[PDB]
Structures are given as C-alpha cells and as structure tokens.
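Asker: What follows is a structure written as structure tokens; I'll ask about it next.
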Amino acid sequence: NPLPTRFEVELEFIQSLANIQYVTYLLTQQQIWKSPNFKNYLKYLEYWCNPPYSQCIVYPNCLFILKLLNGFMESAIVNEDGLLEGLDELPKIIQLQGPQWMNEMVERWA
Amino acid sequence: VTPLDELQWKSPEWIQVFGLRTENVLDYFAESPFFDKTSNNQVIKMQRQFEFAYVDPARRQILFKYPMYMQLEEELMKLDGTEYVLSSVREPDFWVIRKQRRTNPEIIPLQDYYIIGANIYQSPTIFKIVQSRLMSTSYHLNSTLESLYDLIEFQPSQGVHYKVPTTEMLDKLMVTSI
Amino acid sequence: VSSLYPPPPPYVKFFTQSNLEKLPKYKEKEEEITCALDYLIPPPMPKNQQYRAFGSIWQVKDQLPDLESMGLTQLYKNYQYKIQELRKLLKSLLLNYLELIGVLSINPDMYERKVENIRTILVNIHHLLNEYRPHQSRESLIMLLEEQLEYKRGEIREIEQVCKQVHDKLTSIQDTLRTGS
Amino acid sequence: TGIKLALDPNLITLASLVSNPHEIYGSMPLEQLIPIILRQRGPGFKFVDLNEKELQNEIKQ
Amino acid sequence: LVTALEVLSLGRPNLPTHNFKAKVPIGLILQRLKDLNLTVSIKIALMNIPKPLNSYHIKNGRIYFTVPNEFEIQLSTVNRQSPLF
Amino acid sequence: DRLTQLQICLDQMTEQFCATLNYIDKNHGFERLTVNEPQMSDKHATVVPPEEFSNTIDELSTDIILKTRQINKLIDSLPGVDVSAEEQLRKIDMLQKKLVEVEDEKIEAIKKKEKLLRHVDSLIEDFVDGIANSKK
Amino acid sequence: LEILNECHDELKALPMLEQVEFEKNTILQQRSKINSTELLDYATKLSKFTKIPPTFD
C-alpha cells in the first residue's frame with residue numbers, strides 16, 4: 001500500500017475546486033483566505049492549466065474555479081501582520097454566488 | 001468545541017453503501033453524534049441481535065403505514081426510558097425523529113432531529129435562534145453606532161452636527177425668450 | 001465525529017513569500033526531495049502512468065479493455081468487418097431471444113445458459129460499439145471541421161454577394177446617369 | 001505523436017470563448033454603442049472631448 | 001470536443017464570468033467617428049439650410065453650425081432616419 | 001450522436017424483450033387440455049379475451065421486429081465504415097489546410113469589401129459636399 | 001443619395017478587416033496549442049463525465 005504522491009494529492013485537491021460546496025467550506029474558514037500560503041498555493045496550481053497536466057483533469061470546471069479564485073490574488077495584498085487584505089468580500093462572493101455557479105455548470109452539463 | 005445543536009451531520013459512506021430510505025432512518029441516525037449509546041433502541045437492537053392510546057395521529061399514520069415501526073413500538077412498550085421514535089415522514093426525503101422518555105404509558109418528549117436529504121439537523125431552541133439573530137443585530141447596530149459617532153463634530157456656536165469633509169437667472173431667460 | 005470535508009494538502013505550508021523569492025534562484029541552479037523548494041516545483045507525470053484519485057485507478061493514456069482481460073468471452077474481434085460483425089451479433093441476439101422463448105415455453109429450467117448467452121452477446125455488441133467509438137469521435141471532429149468550413153464559405157458567399165450587389169447597383173446608377181445626361 | 005489542428009474557437013457548436021473585440025462592438029448599432037465608447041474612453045468622459053487627431057496620435061503608441 | 005477545445009485553448013471551460021479572472025478598439029473608434037462625420041454630412045444634404053447658418057464645420061463626430069462672433073452649436077445624429085441631437 | 005442512438009436502441013430493444021416477457025407472464029389465461037376437466041379462475045389473475053391476447057402478442061412481436069429494423073438501418077448508416085485512421089488523419093490535415101486557405105480567402109474578400117467601402121465613401125462625400133456648395 | 005446611403009450601410013454591416021485578421025491570428029494561434037491526438041484522448045476522457053449519460057431517464 002504505497003504512500004500518496006504529490007501529483008495525485010494535488011490532482012485531487014485541484015479537482016475538488018469544482019465542488020463549490022467544498023471551496024465554500026474552505027473560504028468560510030478565517031485562517032485560509034487570510035493566509036498568503038493559500039494564495040501562493042492557488043497561484044502555484046496553475047500548472048494544471050497546461051498540458052500534459054491538463055489531460056488528467058477529469059472535472060475541468062475545477063480549472064474554471066481555479067482561474068476565478070486566482071482572479072483575486074493579484075488584487076490581494078499581504079501586510080506585516082499576515083492579514084491578506086482585499087479578501088474580506090471573497091467569502092461574501094462565494095456564499096452569494098455558489099448556488100448560481102453550480103446551477104450554471106449543471107445547465108452546461110445539460 | 002462545536003456544540004451538538006449547531007452542526008449538520010451526514011454519512012455519505014453509509015449513503016453509498018446502504019442508501020437511506022424510510023426503513024433505515026433510525027439506524028442511519030444511530031451513527032450520528034445525536035444518537036445516545038445508552039438508549040432503549042440500541043439495547044433492544046442488541047437484544048434482537050442476540051386501538052392504542054398515548055400517540056398522536058401523526059405517529060399513528062407512520063405506524064399503520066410502516067410495519068417495522070409498529071414492531072419497534074411494541075418492543076419499546078416493554079421497556080422504560082430514553083428512546084428515539086420517528087414522528088413525521090414525507091416520502092421520499094424528509095423525516096423527524098424525537099428523543100422520548102416513556103414510563104408505564106406516560107410519555108414526555110425531548111429534543112427533536114429533522115432529516116432533509118440524509119442530512120441530519122438537531123432542532124434548536126427558538127430562544128437560541130432568536131438570540132443568535134439578536135446577537136448579530138446588536139453587533140451590527142453597535143458597529144453602525146460607533147462608525148456614525150466617528151462622524152460627529154461638536155460646536156458651541158451651533159448645535160451638535162456632522163463633520164464637514166475637506167445661473168439663477170436662466171429660467172427668467174427661458175420665460176422671456178419664450 | 002470529524003469535519004465533512006478533507007483539509008487542503010499540507011504542501012500549503014511551504015508556499016511562503018520567502019520560499020517564492022528563493023524559488024527563481026533555485027530554478028537557475030515520486031521525487032527525490034532535496035529541500036523545501038522542491039514542493040514549489042510542479043510534480044512530474046506518473047512514471048507508472050497510472051495514478052489514484054477518488055478511490056479509483058486512472059491512466060494517463062487510457063485504452064479500451066478487452067473481454068479476456070476483464071474475464072468475459074469475446075466472440076469475434078477497416079471497420080467494415082466490425083460493422084458486419086455487429087449485424088451478425090444483432091441477428092444472433094434476436095435468434096437467442098427466440099430460443100429463450102422456446103426454452104421457456106417447453107421447460108424453464110435450462111434458461112440459465114440462454115440468459116448467459118444473451119448476456120455475452122449483449123456485452124459483445126456494446127464492446128464493439130465502444131471499439132467503434134474512437135472512429136465515430138474522429139468522424140465528429142471531421143464533421144466539426146467541415147461545418148466550420150461550411151460557415152466560412154457561407155460568409156464568403158454572403159460577403160461577395162453583398163459586394164456584387166454594390167457593383168450592380170453602382171452600374172444601375174451609372175446607367176440612369178447616362179440616361180439623364 | 002500526431003498533427004496539430006488549426007481551428008476557429010469562436011464557434012464550436014453546430015447549427016465567443018475567445019473575446020474578439022471587434023465582433024462584439026462593430027456589428028451592433030451605434031445608439032447603444034456610444035455610451036460604451038464614452039465609458040471605455042474615460043470616467044465622466046463626454047462626447048465633446050473626442051478628436052480624430054487625438055486618436056491618430058494615440059494609435060501610433 | 002467542445003469541452004476539449006475550451007480546456008486545451010483557454011485552459012478553462014467556457015462558463016459565465018461575473019468577476020475578473022471589456023476592451024473597445026480605438027481603430028474602431030476612429031472608423032466610427034469618420035463614418036459619423038459621413039452620417040451628419042449625409043443627413044445635412046437632404047435638409048435646407050438657413051442663410052446665416054451656411055457656415056458649418058464638419059469634423060469630430062458632429063457638425064459645428066456657427067454664426068461668427070455670435071455662437072457655435074454642435075450637433076450629432078445617430079442614423080439617417082433619426083433627427084439630430 | 002449516431003452511436004448514441006444505436007446504444008439507446010439496443011437498451012430499449014432489450015427492454016422490449018423484458019416487457020414482452022412481462023406481459024406474456026402476467027396477462028395469460030387458462031385453457032383446456034381436455035374438455036372433461038373443469039375450468040375456473042380467480043379475482044387475482046388478469047383474465048383476458050384470447051383473440052385480443054393474440055393480437056397484443058402479434059403487435060409486441062411487430063414492435064420487436066420494427067426495433068430490429070431501426071437498429072439494422074442505424075448500423076448501416078453509422079458514420080464512417082470503410083476509411084481507416086490513416087485516411088482520417090489524411091482528411092484532418094487537408095481540412096485544416098483548407099480552413100486556413102479559406103480564412104486567407106476571407107482576408108482578400110474583406111480587402112475587396114473595404115476597397116468598395118472607401119470607394120463609396122469618397123463617392124458619397126464628394127456628392128454631398130458638391131451639392132451642398134451648389135445649394136449654398 | 002438615399003439609395004447610396006442604403007448601399008453604404010448594407011455594405012458596412014459586414015465584418016471588418018482588423019476583425020477578420022484577428023480571427024485569422026486566433027486560428028493560427030490555435031495551431032500551436034491544439035493537437036489532434038491529445039484532443040481526441042482528452043475528449044474521450046471527458047465523454048463519460050461532462051454530460052449526462054444519454055441512456056438514463
């Protein structure tokens with residue numbers, strides 16, 4: 001029973017972004033959007049945009065959500081205290097437009 | 001710590017393996033933290049592994065529609081104490097299960113649990129609901145008050161007022177020219 | 001009694017401003033991790049070319065499995081041979097249904113082998129359709145290119161007919177100017 | 001491996017995703033295009049402040 | 001093929017976007033201003049002109065009806081069949 | 001889409017086998033092996049007239065045969081049966097080259113259209129300023 | 001004058017030169033990004049996921 005690999009763990013996490021109940025759960029925790037670690041991780045996960053990494057993406061709306069979440073990251077500013085400013089209204093956006101986004105991607109499914 | 005009255009619980013491993021219907025809400029609920037391990041339901045489950053008064057017509061309909069719950073009630077009449085009974089059902093997906101103490105039958109109810117799409121919620125107290133809403137109202141009102149008082153400047157020459165941040169003839173032209 | 005969703009990967013703790021600022025000088029100079037900045041590099045593709053995700057096995061270049069490899073019987077295996085085999089399989093399915101009705105009409109106790117034959121005929125039909133599926137996909141890509149070409153040529157035709165309408169309307173105003181001259 | 005493909009990504013459906021700045025603006029009539037022109041040229045920008053000379057020495061940049 | 005093309009072209013499937021993740025072409029602005037000059041000039045040809053209003057300056061998306069040392073009023077039309085504004 | 005209709009037709013046609021077996025198992029009756037033996041039935045069995053029973057059997061069989069006909073015709077009209085993947089790629093590359101060529105054809109067609117555009121632009125502007133100077 | 005006005009705007013309702021050059025540039029940019037066999041492999045990967053299986057109700 002092998003140990004997990006970085007490719008497989010990062011693939012599962014990047015694909016979980018299609019589940020936007022899951023990113024609602026992630027972005028309703030105060031220690032995640034405030035941390036610049038998550039900002040830098042979501043900027044790092046842009047290697048799934050390009051092939052051969054993009055071939056393994058089974059749920060490409062995760063890539064859509066990844067680009068949408070990284071749209072706020074260049075407008076993010078980290079301060080000396082570690083508070084990632086400009087990110088207080090992102091959970092507002094996610095909780096307001098979550099049902100709408102998943103309804104639109106279900107319509108794209110149909 | 002997260003108190004039990006404030007969380008939604010589901011077991012989608014149990015949903016994928018067994019699947020939830022009306023016949024397995026009670027042992028689906030038995031895996032929840034809402035379930036008490038010292039309950040009469042679980043002890044008579046271990047025992048089985050080894051017209052009538054005292055119920056409202058809402059539970060009469062459930063009993064006369066589902067036979068296993070009449071079997072459960074008939075086995076629970078032999079014992080006294082804490083139990084979970086299923087009170088209201090909407091097919092295919094809505095249930096209500098109530099904590100209940102029974103004495104010999106004299107029944108008093110306790111906290112309830114509603115099931116919406118295999119996602120179990122504990123029925124909160126209406127005090128707790130309106131109290132949390134009024135905490136939010138009071139916090140937002142206090143923030144509004146403090147931010148408004150930050151905009152207040154006092155002068156003795158006038159009343160107390162707001163801090164100040166740091167052509168008349170054209171109609172006569174119109175009426176004379178027209 | 002834990003949370004519903006898994007947390008983000010622990011790799012998130014490595015992505016700091018200092019690590020990002022030391023990453024490009026590291027770039028100037030299933031992995032053998034040598035430092036903390038190796039997690040800031042995207043991981044390679046799987047060497048086995050199989051990866052696990054969501055409790056299942058996936059392959060980087062998936063291939064259609066065979067009946068023998070999955071433990072069933074493949075009767076028979078440039079697609080005209082497959083199309084005639086599909087016709088033969090359809091006719092055999094209809095004959096096997098008729099034979100099943102006969103066996104049920106005289107003795108419904110040897111129905112098991114006839115149901116098994118219908119079961120293997122049907123999976124053979126479905127597997128032949130799945131073998132033909134890449135060919136139909138490539139036909140769909142050809143159809144996409146042909147429909148793009150059709151729209152392009154329709155735009156050519158409408159642009160040139162607008163242009164020729166301009167030419168002959170200018171010829172009409174030239175003719176009426178000659179008449180009125 | 002194979003061969004590359006040249007495709008028009010704006011239309012994939014049989015009888016947009018690449019934002020062509022001329023297909024979305026040139027085709028539609030001018031009456032509801034002028035407010036978009038003014039807002040893109042500036043905040044609080046009026047129709048008066050346009051100039052062909054200004055456009056001609058701005059496009060050379 | 002639709003989702004394959006979207007992902008292998010933009011890195012994203014084509015979904016509606018409400019937040020940042022347009023642009024009006026300035027050459028199109030210049031062309032529309034030239035044909036708007038042509039539109040006001042194609043409109044004023046069909047209309048009679050007052051004798052003191054014969055001085056009209058024809059540039060910059062509009063027409064400048066001027067009376068010297070008195071006034072200069074600038075007007076634009078949207079199309080052929082709509083009156084001037 | 002054509003293989004999709006083929007898979008749909010196979011699933012529905014096997015469901016037609018299932019439904020035919022359902023009807024012939026549930027809606028049959030009782031018949032005489034001999035005339036001497038008694039004949040009787042209950043309320044729990046769907047007794048039907050034998051002539052319309054045979055009519056429904058016949059129309060179920062015609063539905064099975066007709067579905068087989070649609071499946072056979074759909075197999076015959078599956079898209080692409082004689083070309084191999086090499087001819088598919090030899091179509092793919094000429095299709096992309098013709099797409100590029102017709103896009104270039106559009107480039108010169110639009111060049112001719114813009115030539116006509118500025119030609120009629122010059123014509124109408126000369127006409128309007130000439131007639132304006134004449135009317136002035 | 002009005003018939004050449006109508007001629008002018010029915011010619012002007014056609015796509016422009018910079019527009020068709022941008023379309024040509026986009027088509028040529030798809031050449032470097034889009035591969036036929038990678039396209040077909042990724043699309044047959046996404047076949048069972050991105051749409052409803054058209055067999056169920």
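Asker: For a quick check of your reading: which helices (runs of 4 or more DSSP H) sit entirely within region B:53-157 and have at least 2 residues that are over 20 Å from B:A30 (Cβ atoms)?
Answerer: Passing ranges, in order: B:57-65, B:126-149.
Asker: Restricting attention to region C:96-107, does a residue exist that is surrounded by 10 or more Cβ atoms within 10 Å (Cβ to Cβ), within 14 Å of chain A (Cβ to nearest Cβ) and assigned to a helix (DSSP H, G or I)?
Answerer: Taking every residue of region C:96-107 in turn, none turns out to be surrounded by 10 or more Cβ atoms within 10 Å (Cβ to Cβ), within 14 Å of chain A (Cβ to nearest Cβ) and assigned to a helix (DSSP H, G or I).
Asker: Among the residues of region E:32-85, what is the count of those that are in a loop (DSSP other than H, G, I, E, B) and either within 30 Å of D:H22 (Cα to Cα) or over 21 Å from the mean Cα position of the chain (by Cα) (or both)?
Answerer: The number of residues fulfilling the criteria is 24.
Asker: Pull out all pairs, ordered by first then second residue, where Cβ-Cβ is under 6 Å, the residues are six or more apart or on different chains, the first lies in region A:54-70 and is within 9 Å of chain E (Cβ to nearest Cβ), and the second is of a type in the set (K, R) and not in a helix (DSSP H, G or I).
Answerer: A:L63/E:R12; A:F64/E:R12; A:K67/E:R12; A:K67/E:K21; A:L68/E:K21
Asker: Of the conditions (1) part of a loop (DSSP other than H, G, I, E, B); (2) away from chain A (no Cβ under 14 Å), C:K82 clears all except one; give me its number.
Answerer: (1)
Asker: Looking only at helices (runs of 4 or more DSSP H) that lie completely in region A:21-110, which have at least 3 residues being surrounded by 15 or more Cβ atoms within 10 Å (Cβ to Cβ) and over 14 Å from the mean Cα position of the chain (by Cα)?
Answerer: A:90-109
Asker: Then there is this: Could you tell me how many of the residues in region F:62-84 are part of a helix (DSSP H, G or I) and more than 7 Å from chain C (Cβ to nearest Cβ)?
Answerer: 11
Asker: Moving on to the next point. Quick one: in region F:94-136, of everything that is among the basic types (K, R) and over 24 Å from G:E23 (Cβ atoms), which residue is farthest from the other protein chains (Cβ to nearest Cβ)?
Answerer: It comes out as F:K135.
Asker: Does region F:5-42 hold any residues that are hydrophobic (A, V, I, L, M, F, W, C), over 18 Å from F:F53 (Cβ atoms) and not in a loop (DSSP other than H, G, I, E, B), and which are they?
Answerer: Listed by number, the residues that qualify are F:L6, F:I8, F:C9, F:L10, F:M13, F:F17, F:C18.
Asker: Still on this model: Name the single residue, out of those in region F:59-77 being within 30 Å of C:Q148 (Cβ to Cβ) and in contact with a helix residue (DSSP H, G or I) (Cβ under 6 Å, 6 or more places away or on another chain), that is surrounded by the fewest Cβ atoms within 10 Å (Cβ to Cβ).
Answerer: The residue in question is F:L74.
Asker: Determine which member of the set C:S140, C:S172 is closer than 30 Å to C:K61 by Cβ and part of a helix (DSSP H, G or I).
Answerer: C:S140
Asker: Which members of region C:1-34 meet the condition of being facing chain A (nearest Cβ under 9 Å) and of a type in the set (S, T, Y)?
Answerer: C:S3, C:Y5, C:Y11, C:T16
Asker: Output the residues belonging to region A:1-25 that are among the hydrophobic types (A, V, I, L, M, F, W, C), within 7 Å of another protein chain (Cβ to nearest Cβ) and under 23 Å from A:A76 (Cβ atoms).
Answerer: Listed by number, the list holds a single entry, A:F13.
Asker: Additional query: Of the residues that make up region C:58-65, is at least one out of contact with any strand residue (DSSP E or B) (no Cβ under 8 Å at 6 or more places or on another chain) and either among the hydroxyl-bearing types (S, T, Y) or surrounded by 15 or more Cβ atoms within 10 Å (Cβ to Cβ) (or both)?
Answerer: No, there is no match, as no residue in region C:58-65 is out of contact with any strand residue (DSSP E or B) (no Cβ under 8 Å at 6 or more places or on another chain) and either among the hydroxyl-bearing types (S, T, Y) or surrounded by 15 or more Cβ atoms within 10 Å (Cβ to Cβ) (or both).
Asker: Here's a follow-up. Inside region C:119-141, can you point out the residues that are buried (at least 16 other Cβ atoms within 10 Å of the Cβ), within 15 Å of F:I71 (Cβ to Cβ) and within 8 Å of chain F (Cβ to nearest Cβ)?
Answerer: C:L122, C:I125, C:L129, C:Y132
Asker: Same structure again: Against the conditions (1) more than 7 Å from every other protein chain (Cβ to nearest Cβ); (2) in contact with a helix residue (DSSP H, G or I) (Cβ under 6 Å, 6 or more places away or on another chain), where does G:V20 fall short? Just the number, please.
Answerer: All conditions are met except number (1).
Asker: Moving on. Select from region B:22-33 the residues that are touching a helix residue (DSSP H, G or I) at 6+ places or on another chain (Cβ under 9 Å) and part of a loop (DSSP other than H, G, I, E, B) and write down the one among them that is surrounded by the most Cβ atoms within 10 Å (Cβ to Cβ).
Answerer: B:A30
Asker: Between a first residue in region B:162-178 that is aromatic (F, W, Y) and a second residue that is not in a loop (DSSP other than H, G, I, E, B), which pairs have beta carbons less than 9 Å apart while being 6 or more apart in sequence or on different chains?
Answerer: Final answer for the pair search is B:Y162/B:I152; B:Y162/B:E153.
Asker: Write out, first by first residue and then by second, each pair whose Cβ atoms fall under 8 Å of each other, whose residues are 6+ apart or on separate chains, and whose first residue, in region C:159-181, is more than 10 Å from chain F (Cβ to nearest Cβ) while the second is part of a helix (DSSP H, G or I) and among the charged types (D, E, K, R).
Answerer: Note: pairs meeting the criteria are C:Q165/G:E10.
Asker: Still on this structure, I have one more. So which pairs qualify, if the first residue must be in region B:122-147 and more than 30 Å from B:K99 (Cα to Cα), the second must be charged (D, E, K, R) and not in a helix (DSSP H, G or I), the Cβ gap must be under 8 Å, and the two must be at least 6 apart or on different chains?
Answerer: Pairs found: none.
Asker: Take the conditions away from chain A (no Cβ under 14 Å), within 22 Å of the chain's Cα centre (by Cα) and within 23 Å of G:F49 (Cβ to Cβ) and apply them to C:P65. Does it pass?
Answerer: So C:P65 passes the test.
Asker: When you look at E:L1, is it buried (at least 17 other Cβ atoms within 10 Å of the Cβ) and within 15 Å of the chain's Cα centre (by Cα), yes or no?
Answerer: No; evaluated as a whole, the condition is false for this residue.
Listed here are the residues, each with its yes/no results for (1) more than 7 Å from every other protein chain (Cβ to nearest Cβ); (2) basic (K, R).
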| residue | (1), (2) |
| --- | --- |
| G:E6 | yes, no |
| G:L14 | no, no |
| G:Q29 | yes, no |
| G:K33 | no, yes |
| G:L39 | no, no |
| G:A43 | no, no |
| G:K51 | no, yes |
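Every residue, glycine among them, receives a Cβ derived from its backbone with ideal geometry; neighbour counts consider all protein chains shown. Read the figures in this text as sums done on the coordinates, not as results from a lab.
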